[PDB]
Structure formats: C-alpha cells, structure tokens
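Source file input-v3.pdb; content: PDB, C-alpha atoms and all ligand atoms.
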ATOM      1  CA  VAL A   3     -19.579   8.758  -1.191  1.00  0.00           C
ATOM      2  CA  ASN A   4     -17.415   5.942  -2.584  1.00  0.00           C
ATOM      3  CA  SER A   5     -17.854   2.210  -3.165  1.00  0.00           C
ATOM      4  CA  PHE A   6     -15.568   0.897  -0.402  1.00  0.00           C
ATOM      5  CA  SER A   7     -17.633  -1.411   1.825  1.00  0.00           C
ATOM      6  CA  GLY A   8     -17.172  -3.018   5.229  1.00  0.00           C
ATOM      7  CA  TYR A   9     -14.392  -0.778   6.557  1.00  0.00           C
ATOM      8  CA  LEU A  10     -13.924   0.288  10.156  1.00  0.00           C
ATOM      9  CA  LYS A  11     -13.374   4.044  10.466  1.00  0.00           C
ATOM     10  CA  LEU A  12     -10.260   4.820  12.513  1.00  0.00           C
ATOM     11  CA  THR A  13     -10.055   8.595  11.975  1.00  0.00           C
ATOM     12  CA  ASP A  14     -11.514  11.352   9.831  1.00  0.00           C
ATOM     13  CA  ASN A  15      -9.622   9.978   6.805  1.00  0.00           C
ATOM     14  CA  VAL A  16      -8.256   6.471   7.620  1.00  0.00           C
ATOM     15  CA  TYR A  17     -10.341   3.296   7.225  1.00  0.00           C
ATOM     16  CA  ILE A  18      -9.420  -0.388   7.609  1.00  0.00           C
ATOM     17  CA  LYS A  19     -10.716  -3.830   6.610  1.00  0.00           C
ATOM     18  CA  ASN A  20      -9.624  -7.459   6.828  1.00  0.00           C
ATOM     19  CA  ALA A  21      -9.290  -8.148   3.127  1.00  0.00           C
ATOM     20  CA  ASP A  22      -7.072  -9.505   0.382  1.00  0.00           C
ATOM     21  CA  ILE A  23      -5.988  -6.345  -1.447  1.00  0.00           C
ATOM     22  CA  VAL A  24      -6.018  -8.284  -4.733  1.00  0.00           C
ATOM     23  CA  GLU A  25      -9.670  -9.252  -4.325  1.00  0.00           C
ATOM     24  CA  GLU A  26     -10.579  -5.780  -3.011  1.00  0.00           C
ATOM     25  CA  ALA A  27      -9.026  -4.041  -6.026  1.00  0.00           C
ATOM     26  CA  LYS A  28     -10.798  -6.416  -8.416  1.00  0.00           C
ATOM     27  CA  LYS A  29     -14.145  -5.581  -6.780  1.00  0.00           C
ATOM     28  CA  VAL A  30     -13.810  -1.817  -6.296  1.00  0.00           C
ATOM     29  CA  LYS A  31     -11.568  -0.926  -9.264  1.00  0.00           C
ATOM     30  CA  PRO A  32     -10.283   2.081  -7.296  1.00  0.00           C
ATOM     31  CA  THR A  33      -8.647   5.070  -8.910  1.00  0.00           C
ATOM     32  CA  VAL A  34      -5.416   4.209  -7.062  1.00  0.00           C
ATOM     33  CA  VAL A  35      -4.160   0.937  -5.608  1.00  0.00           C
ATOM     34  CA  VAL A  36      -0.888   1.167  -3.680  1.00  0.00           C
ATOM     35  CA  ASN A  37       1.793  -1.454  -4.209  1.00  0.00           C
ATOM     36  CA  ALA A  38       4.336  -2.316  -1.524  1.00  0.00           C
ATOM     37  CA  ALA A  39       7.195  -1.933  -3.993  1.00  0.00           C
ATOM     38  CA  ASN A  40      10.960  -2.187  -3.788  1.00  0.00           C
ATOM     39  CA  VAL A  41      13.353   0.215  -5.511  1.00  0.00           C
ATOM     40  CA  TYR A  42      13.838  -2.153  -8.469  1.00  0.00           C
ATOM     41  CA  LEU A  43      10.097  -2.741  -8.951  1.00  0.00           C
ATOM     42  CA  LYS A  44      10.811  -6.486  -8.753  1.00  0.00           C
ATOM     43  CA  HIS A  45       7.381  -7.742  -7.725  1.00  0.00           C
ATOM     44  CA  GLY A  46       8.401 -11.102  -6.332  1.00  0.00           C
ATOM     45  CA  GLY A  47       6.438 -11.702  -3.150  1.00  0.00           C
ATOM     46  CA  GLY A  48       4.269 -10.206  -0.482  1.00  0.00           C
ATOM     47  CA  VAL A  49       1.682  -7.733  -1.705  1.00  0.00           C
ATOM     48  CA  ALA A  50       3.726  -6.894  -4.815  1.00  0.00           C
ATOM     49  CA  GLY A  51       4.036 -10.502  -5.916  1.00  0.00           C
ATOM     50  CA  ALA A  52       0.296 -11.022  -5.455  1.00  0.00           C
ATOM     51  CA  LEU A  53      -0.738  -7.851  -7.302  1.00  0.00           C
ATOM     52  CA  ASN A  54       1.608  -8.617 -10.174  1.00  0.00           C
ATOM     53  CA  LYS A  55       0.311 -12.201 -10.422  1.00  0.00           C
ATOM     54  CA  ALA A  56      -3.233 -10.833 -10.668  1.00  0.00           C
ATOM     55  CA  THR A  57      -2.143  -8.741 -13.701  1.00  0.00           C
ATOM     56  CA  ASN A  58      -0.763 -11.848 -15.442  1.00  0.00           C
ATOM     57  CA  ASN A  59       2.761 -10.299 -15.137  1.00  0.00           C
ATOM     58  CA  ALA A  60       1.787  -7.148 -17.064  1.00  0.00           C
ATOM     59  CA  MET A  61       2.726  -5.059 -14.016  1.00  0.00           C
ATOM     60  CA  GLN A  62       6.235  -6.555 -14.093  1.00  0.00           C
ATOM     61  CA  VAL A  63       6.640  -5.966 -17.847  1.00  0.00           C
ATOM     62  CA  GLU A  64       5.616  -2.319 -17.460  1.00  0.00           C
ATOM     63  CA  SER A  65       7.853  -1.957 -14.404  1.00  0.00           C
ATOM     64  CA  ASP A  66      10.922  -3.346 -16.176  1.00  0.00           C
ATOM     65  CA  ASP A  67      10.514  -0.740 -18.908  1.00  0.00           C
ATOM     66  CA  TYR A  68      10.106   1.980 -16.259  1.00  0.00           C
ATOM     67  CA  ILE A  69      13.361   0.956 -14.536  1.00  0.00           C
ATOM     68  CA  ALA A  70      15.251   0.634 -17.827  1.00  0.00           C
ATOM     69  CA  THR A  71      14.304   4.250 -18.598  1.00  0.00           C
ATOM     70  CA  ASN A  72      14.458   5.883 -15.168  1.00  0.00           C
ATOM     71  CA  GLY A  73      16.599   3.745 -12.880  1.00  0.00           C
ATOM     72  CA  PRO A  74      15.597   2.621  -9.399  1.00  0.00           C
ATOM     73  CA  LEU A  75      13.280   4.468  -7.070  1.00  0.00           C
ATOM     74  CA  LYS A  76      14.429   5.890  -3.741  1.00  0.00           C
ATOM     75  CA  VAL A  77      13.493   4.244  -0.470  1.00  0.00           C
ATOM     76  CA  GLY A  78      10.612   6.448   0.645  1.00  0.00           C
ATOM     77  CA  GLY A  79       9.769   7.299  -2.967  1.00  0.00           C
ATOM     78  CA  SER A  80       7.102   6.294  -5.435  1.00  0.00           C
ATOM     79  CA  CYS A  81       6.002   6.264  -9.030  1.00  0.00           C
ATOM     80  CA  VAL A  82       2.597   6.140 -10.708  1.00  0.00           C
ATOM     81  CA  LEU A  83       2.112   3.365 -13.258  1.00  0.00           C
ATOM     82  CA  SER A  84      -0.898   1.605 -14.738  1.00  0.00           C
ATOM     83  CA  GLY A  85      -3.339  -0.204 -12.485  1.00  0.00           C
ATOM     84  CA  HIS A  86      -3.904  -2.786 -15.252  1.00  0.00           C
ATOM     85  CA  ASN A  87      -7.053  -4.839 -14.507  1.00  0.00           C
ATOM     86  CA  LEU A  88      -7.015  -3.878 -10.810  1.00  0.00           C
ATOM     87  CA  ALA A  89      -7.343  -0.075 -10.698  1.00  0.00           C
ATOM     88  CA  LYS A  90      -6.923   2.977 -12.888  1.00  0.00           C
ATOM     89  CA  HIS A  91      -3.430   3.608 -11.484  1.00  0.00           C
ATOM     90  CA  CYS A  92      -0.960   1.795  -9.284  1.00  0.00           C
ATOM     91  CA  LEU A  93       1.079   3.956  -6.921  1.00  0.00           C
ATOM     92  CA  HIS A  94       4.255   1.943  -6.318  1.00  0.00           C
ATOM     93  CA  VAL A  95       5.558   3.101  -2.922  1.00  0.00           C
ATOM     94  CA  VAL A  96       8.850   1.949  -1.401  1.00  0.00           C
ATOM     95  CA  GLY A  97       8.737   1.660   2.357  1.00  0.00           C
ATOM     96  CA  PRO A  98      11.931   0.752   4.213  1.00  0.00           C
ATOM     97  CA  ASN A  99      12.625  -2.995   4.340  1.00  0.00           C
ATOM     98  CA  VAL A 100      13.854  -3.793   7.854  1.00  0.00           C
ATOM     99  CA  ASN A 101      15.214  -7.113   6.607  1.00  0.00           C
ATOM    100  CA  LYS A 102      17.622  -5.032   4.469  1.00  0.00           C
ATOM    101  CA  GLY A 103      18.647  -2.697   7.311  1.00  0.00           C
ATOM    102  CA  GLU A 104      16.781   0.339   5.972  1.00  0.00           C
ATOM    103  CA  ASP A 105      15.930   3.299   8.193  1.00  0.00           C
ATOM    104  CA  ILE A 106      12.428   2.976   9.648  1.00  0.00           C
ATOM    105  CA  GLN A 107      12.298   6.789   9.784  1.00  0.00           C
ATOM    106  CA  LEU A 108      11.788   6.644   6.001  1.00  0.00           C
ATOM    107  CA  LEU A 109       8.330   5.159   6.595  1.00  0.00           C
ATOM    108  CA  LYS A 110       6.870   8.636   7.105  1.00  0.00           C
ATOM    109  CA  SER A 111       8.371   9.817   3.811  1.00  0.00           C
ATOM    110  CA  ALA A 112       6.865   6.745   2.122  1.00  0.00           C
ATOM    111  CA  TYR A 113       3.372   7.527   3.434  1.00  0.00           C
ATOM    112  CA  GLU A 114       3.690  11.177   2.327  1.00  0.00           C
ATOM    113  CA  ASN A 115       3.335   9.925  -1.256  1.00  0.00           C
ATOM    114  CA  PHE A 116      -0.280   9.037  -0.460  1.00  0.00           C
ATOM    115  CA  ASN A 117      -1.124  12.733   0.011  1.00  0.00           C
ATOM    116  CA  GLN A 118      -0.816  13.290  -3.752  1.00  0.00           C
ATOM    117  CA  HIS A 119      -3.999  11.218  -4.270  1.00  0.00           C
ATOM    118  CA  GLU A 120      -7.455  12.031  -2.939  1.00  0.00           C
ATOM    119  CA  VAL A 121      -8.470   8.389  -2.318  1.00  0.00           C
ATOM    120  CA  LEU A 122      -6.376   5.202  -2.215  1.00  0.00           C
ATOM    121  CA  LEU A 123      -6.653   1.497  -1.510  1.00  0.00           C
ATOM    122  CA  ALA A 124      -3.475   0.426   0.236  1.00  0.00           C
ATOM    123  CA  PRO A 125      -1.612  -2.106   2.361  1.00  0.00           C
ATOM    124  CA  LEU A 126       0.276  -1.076   5.466  1.00  0.00           C
ATOM    125  CA  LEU A 127       3.693   0.074   4.280  1.00  0.00           C
ATOM    126  CA  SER A 128       6.742  -1.892   5.439  1.00  0.00           C
ATOM    127  CA  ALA A 129       4.524  -4.607   6.974  1.00  0.00           C
ATOM    128  CA  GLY A 130       4.751  -8.299   6.139  1.00  0.00           C
ATOM    129  CA  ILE A 131       8.022  -9.298   4.491  1.00  0.00           C
ATOM    130  CA  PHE A 132       9.391  -5.743   4.806  1.00  0.00           C
ATOM    131  CA  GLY A 133       9.774  -6.570   8.502  1.00  0.00           C
ATOM    132  CA  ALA A 134       8.451  -3.472  10.270  1.00  0.00           C
ATOM    133  CA  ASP A 135       6.016  -3.509  13.191  1.00  0.00           C
ATOM    134  CA  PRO A 136       2.533  -3.148  11.633  1.00  0.00           C
ATOM    135  CA  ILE A 137       1.207  -1.348  14.720  1.00  0.00           C
ATOM    136  CA  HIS A 138       3.893   1.239  14.046  1.00  0.00           C
ATOM    137  CA  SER A 139       3.022   1.367  10.345  1.00  0.00           C
ATOM    138  CA  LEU A 140      -0.642   2.078  11.098  1.00  0.00           C
ATOM    139  CA  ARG A 141       0.346   4.823  13.549  1.00  0.00           C
ATOM    140  CA  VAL A 142       2.593   6.494  10.965  1.00  0.00           C
ATOM    141  CA  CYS A 143      -0.160   6.175   8.363  1.00  0.00           C
ATOM    142  CA  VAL A 144      -2.748   7.885  10.563  1.00  0.00           C
ATOM    143  CA  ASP A 145      -0.294  10.625  11.570  1.00  0.00           C
ATOM    144  CA  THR A 146       0.969  11.280   8.007  1.00  0.00           C
ATOM    145  CA  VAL A 147      -1.754  10.627   5.432  1.00  0.00           C
ATOM    146  CA  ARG A 148      -4.367  13.372   5.141  1.00  0.00           C
ATOM    147  CA  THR A 149      -6.176  12.035   2.076  1.00  0.00           C
ATOM    148  CA  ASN A 150      -8.726   9.217   2.249  1.00  0.00           C
ATOM    149  CA  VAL A 151      -7.010   5.852   2.682  1.00  0.00           C
ATOM    150  CA  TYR A 152      -8.679   2.430   2.736  1.00  0.00           C
ATOM    151  CA  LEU A 153      -6.302  -0.087   4.287  1.00  0.00           C
ATOM    152  CA  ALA A 154      -6.558  -3.781   3.443  1.00  0.00           C
ATOM    153  CA  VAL A 155      -5.011  -6.144   5.999  1.00  0.00           C
ATOM    154  CA  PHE A 156      -4.768  -9.714   4.700  1.00  0.00           C
ATOM    155  CA  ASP A 157      -4.183 -11.484   8.026  1.00  0.00           C
ATOM    156  CA  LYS A 158      -7.358 -11.658  10.115  1.00  0.00           C
ATOM    157  CA  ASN A 159      -5.394 -12.183  13.326  1.00  0.00           C
ATOM    158  CA  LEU A 160      -3.305  -9.097  12.566  1.00  0.00           C
ATOM    159  CA  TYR A 161      -6.380  -7.042  11.674  1.00  0.00           C
ATOM    160  CA  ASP A 162      -7.897  -7.711  15.107  1.00  0.00           C
ATOM    161  CA  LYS A 163      -4.674  -6.754  16.906  1.00  0.00           C
ATOM    162  CA  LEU A 164      -4.382  -3.450  15.015  1.00  0.00           C
ATOM    163  CA  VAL A 165      -7.967  -2.466  15.843  1.00  0.00           C
ATOM    164  CA  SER A 166      -7.838  -3.480  19.502  1.00  0.00           C
ATOM    165  CA  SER A 167      -4.521  -1.685  20.087  1.00  0.00           C
ATOM    166  CA  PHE A 168      -5.387   1.459  18.122  1.00  0.00           C
ATOM    167  CA  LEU A 169      -5.184   4.683  20.083  1.00  0.00           C
TER     168      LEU A 169
HETATM  169  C1  LIG B 201       0.824 -10.507   0.788  1.00  0.00           C
HETATM  170  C2  LIG B 201      -0.517 -10.006   0.462  1.00  0.00           C
HETATM  171  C3  LIG B 201      -1.383 -10.552  -0.484  1.00  0.00           C
HETATM  172  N1  LIG B 201      -2.536  -9.796  -0.472  1.00  0.00           N
HETATM  173  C4  LIG B 201      -2.460  -8.787   0.433  1.00  0.00           C
HETATM  174  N2  LIG B 201      -3.439  -7.867   0.685  1.00  0.00           N
HETATM  175  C5  LIG B 201      -3.104  -6.971   1.623  1.00  0.00           C
HETATM  176  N3  LIG B 201      -1.914  -6.918   2.328  1.00  0.00           N
HETATM  177  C6  LIG B 201      -0.936  -7.853   2.076  1.00  0.00           C
HETATM  178  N4  LIG B 201       0.296  -7.834   2.755  1.00  0.00           N
HETATM  179  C7  LIG B 201       0.712  -7.104   3.983  1.00  0.00           C
HETATM  180  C8  LIG B 201      -0.176  -7.258   5.327  1.00  0.00           C
HETATM  181  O1  LIG B 201      -1.341  -6.575   4.988  1.00  0.00           O
HETATM  182  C9  LIG B 201       0.458  -6.525   6.557  1.00  0.00           C
HETATM  183  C10 LIG B 201       0.621  -7.259   7.900  1.00  0.00           C
HETATM  184  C11 LIG B 201       0.607  -8.816   7.946  1.00  0.00           C
HETATM  185  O2  LIG B 201       1.899  -9.206   8.341  1.00  0.00           O
HETATM  186  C12 LIG B 201       0.304  -9.534   6.625  1.00  0.00           C
HETATM  187  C13 LIG B 201      -0.556  -8.740   5.632  1.00  0.00           C
HETATM  188  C14 LIG B 201      -1.177  -8.868   1.073  1.00  0.00           C
HETATM  189 CL    CL B 202       3.635  -9.078   2.802  1.00  0.00          CL
END
Using structure tokens, write down the structure that the file contains.
Amino acid sequence: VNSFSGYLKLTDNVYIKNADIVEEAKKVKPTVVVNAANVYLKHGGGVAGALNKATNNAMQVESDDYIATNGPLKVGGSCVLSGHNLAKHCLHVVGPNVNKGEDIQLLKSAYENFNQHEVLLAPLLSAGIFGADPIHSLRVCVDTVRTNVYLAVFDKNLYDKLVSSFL
C-alpha cells in the first residue's frame, strides 16, 4: 500500500492520473520523481522547467555541478540526483526529443531506467515539448516498465484520450 490517490489502473504495475506532477510530488513526497530531462540537465521548460521552478532553482544548481563533473547524459540515459522539496530522489531521464531529430527507438531505453526503482511518480517520456506521440509513449511505458509507475498527465484533454484509446 502506498499514498498515491485517484489513479486509474492500466495494468498490473502502471497507473495514471490527470495531475500536475509538481503538485502531485509536493503532496505525496514520493521516493522517486522522474524528470523529463535533456542531456545537459538544462531545466528550461516543460516538466523540467516546472519541477526546477518548484525547487527555487536548487535542482538547476545541483545539475550544473553534476554536468561540470560528469559531462552530459546520453539520450536514453539517466542519473539520480536529489528530489529537493519534491521527493527523496529525482531520476533525471532523457527521452528522445523529436524536435531535435532523435531516434524514437531510444524511448524504450529511456523507460528501462525506471526498472531500477520499485515505485516512481513520472511524466510520459518524450511527450509535450519533446514532440513524441503520447499514445506511443504510454504504450512503450506499459511494455517496458515492470516496477510500479504512477503517471501524471497535466493536460486533461490528453488524459482522456490516452485512457479511451488504451489497449
Ligand atoms: C509541463 C508540465 C508541468 N507539469 C507537468 N506535470 C506532468 N506532465 C507535464 N508534461 C508532459 C505531459 O504530461 C505529456 C502530454 C501533454 O502534451 C502535456 C503534459 C507537466
Ligand atoms: Cl512538456
């Protein structure tokens, strides 16, 4: 039993809710919140910009030190950093950004990072400003993640389309 509330159960392990991931994290304080990161951990917009804003830019400060030490992530890769005031940890995961020409096949590799964590709060990878089809992202999530994932979908209209089209 966990404290996630109001989710629709899609499969044995995948759950979904119309919610602002920032407000969800603040309420649940999950062990792991997933950020829709880029390889430079520049948290400018989309989910990343919103999460970072909620940390008063502390996520960005920590991220800049991480990059200065380690260099950029790989597309499809991840790193674990602090969750600041939102969660114990933040798993920064880089899905392919279609608006940069990146290979959508890397979306499965991106979701594989979730399997290193027993429970996660997460957005759909590569959705929104990363330009992928969210119906496709949800399908890859369900077919790749085996751990317990609670998906927050900000757009109510999109949430209804994902549910009604889910196979
Ligand atoms: C940007 C943002 C702020 N807070 C959030 N909380 C959860 N997801 C988010 N973004 C991606 C998406 O969920 C996928 C599909 C739709 O195009 C739009 C919403 C955000
Ligand atoms: Cl977005």
| query | When the cut-off is 10 Å and you count all atoms listed in the file, which residues lie near ligand LIG 201 (chain B), shown as a PyMOL selection string? | reply | chain A and resi 19-27+36-38+47-53+123-137+139-140+153-161+164
I need the chosen residues saved as a CSV table (one decimal), in the frame of the given file, with C-alpha atoms.
chain,number,residue,atom,x,y,z
A,19,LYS,CA,-10.7,-3.8,6.6
A,20,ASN,CA,-9.6,-7.5,6.8
A,21,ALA,CA,-9.3,-8.1,3.1
A,22,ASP,CA,-7.1,-9.5,0.4
A,23,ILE,CA,-6.0,-6.3,-1.4
A,24,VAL,CA,-6.0,-8.3,-4.7
A,25,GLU,CA,-9.7,-9.3,-4.3
A,26,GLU,CA,-10.6,-5.8,-3.0
A,27,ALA,CA,-9.0,-4.0,-6.0
A,36,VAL,CA,-0.9,1.2,-3.7
A,37,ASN,CA,1.8,-1.5,-4.2
A,38,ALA,CA,4.3,-2.3,-1.5
A,47,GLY,CA,6.4,-11.7,-3.2
A,48,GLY,CA,4.3,-10.2,-0.5
A,49,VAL,CA,1.7,-7.7,-1.7
A,50,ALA,CA,3.7,-6.9,-4.8
A,51,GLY,CA,4.0,-10.5,-5.9
A,52,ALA,CA,0.3,-11.0,-5.5
A,53,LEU,CA,-0.7,-7.9,-7.3
A,123,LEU,CA,-6.7,1.5,-1.5
A,124,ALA,CA,-3.5,0.4,0.2
A,125,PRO,CA,-1.6,-2.1,2.4
A,126,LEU,CA,0.3,-1.1,5.5
A,127,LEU,CA,3.7,0.1,4.3
A,128,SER,CA,6.7,-1.9,5.4
A,129,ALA,CA,4.5,-4.6,7.0
A,130,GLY,CA,4.8,-8.3,6.1
A,131,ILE,CA,8.0,-9.3,4.5
A,132,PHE,CA,9.4,-5.7,4.8
A,133,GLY,CA,9.8,-6.6,8.5
A,134,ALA,CA,8.5,-3.5,10.3
A,135,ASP,CA,6.0,-3.5,13.2
A,136,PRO,CA,2.5,-3.1,11.6
A,137,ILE,CA,1.2,-1.3,14.7
A,139,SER,CA,3.0,1.4,10.3
A,140,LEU,CA,-0.6,2.1,11.1
A,153,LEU,CA,-6.3,-0.1,4.3
A,154,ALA,CA,-6.6,-3.8,3.4
A,155,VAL,CA,-5.0,-6.1,6.0
A,156,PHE,CA,-4.8,-9.7,4.7
A,157,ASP,CA,-4.2,-11.5,8.0
A,158,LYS,CA,-7.4,-11.7,10.1
A,159,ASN,CA,-5.4,-12.2,13.3
A,160,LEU,CA,-3.3,-9.1,12.6
A,161,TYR,CA,-6.4,-7.0,11.7
A,164,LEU,CA,-4.4,-3.4,15.0
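Residue nearest residue 152 of chain A, chosen from A:12, A:122, A:63, A:75 and counting all atoms listed in the file: A:122.
From atom CA of residue 146 of chain A back to atom CA of residue 64 of chain A, the distance works out to 29.2 Å.
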| field | Nearest to residue 98 of chain A by atom-to-atom distance, counting only C-alpha atoms, from A:7, A:77, A:144, A:85 | value | A:77
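The space separating atom CA of residue 99 of chain A from atom CA of residue 73 of chain A comes to 18.9 Å.
With distances taken over only C-alpha atoms and all ligand atoms, A:97 is the one residue among A:108, A:72, A:59, A:97 lying closest to ligand CL 202 (chain B).
Distances here use only C-alpha atoms and all ligand atoms; by that measure, the residue among A:151, A:143, A:95, A:39 closest to ligand CL 202 (chain B) is A:39.
Considering all atoms listed in the file, the residue among A:60, A:34, A:70, A:3 positioned nearest to residue 115 of chain A is A:34.
Among A:120, A:31, A:13, A:46, the residue with the shortest atom-to-atom distance to ligand CL 202 (chain B), counting only C-alpha atoms and all ligand atoms, is A:46.
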